[PDB]
Protein chains: 2
Amino acid sequence: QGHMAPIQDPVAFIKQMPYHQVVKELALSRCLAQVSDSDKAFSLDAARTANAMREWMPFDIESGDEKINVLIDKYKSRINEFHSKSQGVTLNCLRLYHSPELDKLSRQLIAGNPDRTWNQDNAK
Amino acid sequence: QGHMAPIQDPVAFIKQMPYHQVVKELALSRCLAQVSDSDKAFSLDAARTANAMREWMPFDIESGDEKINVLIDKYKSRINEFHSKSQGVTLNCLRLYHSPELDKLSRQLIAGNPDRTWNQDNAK
């Protein structure tokens, strides 16, 4: 009730990002898909969001898929030794998203300069 | 099988962030909690992750809770008019997370300098 109007360009905010950041958005979204119920609407939404990111960057799909997925696998299942009741899978995905490892990989998986944006390459 | 060892300080990566960024982590995590099934393990995990962020920043809880939540509400339910099958609730939360609006609010809700870090204030 009292819902806001539809979003006209859903990926406008992605198209303004440097490509290395788009890779991180894909990685985060897929991590979230993998740590939630594969047979649920949220997990499916996150998976499709991750996959859709590839349209907006010159991503190296053939090698990049498994390189990203192996890295996700190194973060997503960690047991969090919290100090002083959930497992913190969301926290694991955030740790991945901010990791130096993902930051390094995010630059390697982009054809050309990883600091360019989709808008730069397609709109102007 | 072949699982990696437990994480010793789960929030080490949060403690190194400028406080305004910690607010964004809270906002993203809670957005993810709200767009997933409230009666599911993932949603609960995301909620607890969001709530746990407050320990690591001088956050203005009394006003900040609803200010963050009103902003989440302006992003989370948007209908994405995709060009050329999920609703893209994950995308909505990412849009929130990168929004100028959240960036502005994230600085307003921190006592003192919002560019300081937990480590700066507590460890050295």
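Mean per-residue shielding of peptide A:68-81 is 2, counting Cβ atoms of other chains within 10 Å of each Cβ. Legend: distances between Cα atoms for B:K67/B:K104; A:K76/B:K85; A:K15/A:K124; A:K24/A:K74; A:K15/A:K104; pairs beyond 18 Å are A:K76/B:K85; A:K15/A:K104. Within the same chain, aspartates and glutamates fewer than 8 places from A:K40 are excluded, and of the rest, those with a Cα less than 13 Å from its Cα are B:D37, B:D39. Amide hydrogen proximity for B:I7: with H placed 1.01 Å from N in the peptide plane, the residues at 5 or more positions away or on another chain lying under 5 Å are A:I79, A:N80, A:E81. Each residue of region A:57-62 was assigned a 3J(HN,Hα) from its phi angle through the Karplus curve 6.51 cos²θ - 1.76 cosθ + 1.60 (θ = phi - 60°); the sequence is 8, x, 7, 8, 6, 4 Hz, with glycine and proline shown as x.
In the P(r) worked out for chain B, what percent of Cα pairs fall beyond 24 Å?
Details: 2511 of 7626 pairs.
For chain B, the share of Cα pairs beyond 24 Å comes to 33 percent.
For peptide A:87-100, the mean count of partner chain Cβ atoms within 10 Å of a residue's Cβ comes to 6.
Summing +1 for each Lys or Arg and -1 for each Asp or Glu among the other residues whose beta-carbon sits under 12 angstrom from that of B:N92 gives +2. Computing FRET efficiency as 1/(1 + (r/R0)^6) for B:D9 and B:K85, where r is the C-beta to C-beta distance and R0 is 35 Å, gives about 0.30. What separates the B:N69 label point from its copies, with the point 7 Å along Cα to Cβ, is 3.9 nm, written shortest first. Note on chain A: helix-only mean residue ellipticity at 222 nm, from DSSP H runs of 4+ residues weighted -39500 (n - 2.57) and normalised by residue number, equals -17500 deg cm²/dmol.
Averaged across B:35-43, how many Cβ atoms of other chains sit within 10 Å of each residue's Cβ atom? Provide the component values of the computation, followed by the final result.
Values: counts 4, 10, 5, 0, 0, 6, 7, 11, 5.
Mean inter-chain Cβ contacts per residue within 10 Å come to 5.
Each other copy places its own label point for B:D39 at 1.7 nm from this one, sorted shortest first, where the point lies 7 Å along the Cα-to-beta carbon line. Couplings for region B:29-42, taken from phi via the Karplus curve 6.51 cos²θ - 1.76 cosθ + 1.60 with θ = phi - 60°, read 4, 5, 4, 4, 4, 6, 8, 10, 6, 3, 8, 10, 5, 4 Hz in order; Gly and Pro are left as x.
Extending 7 Å from the Cα toward the beta-carbon at both A:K67 and B:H98 defines two label points whose distance is 2.0 nm.
Rule-based calculations on the coordinates, nothing more; no lab input. We place every Cβ from the backbone using ideal geometry, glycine too, and count neighbours over all the protein chains shown.
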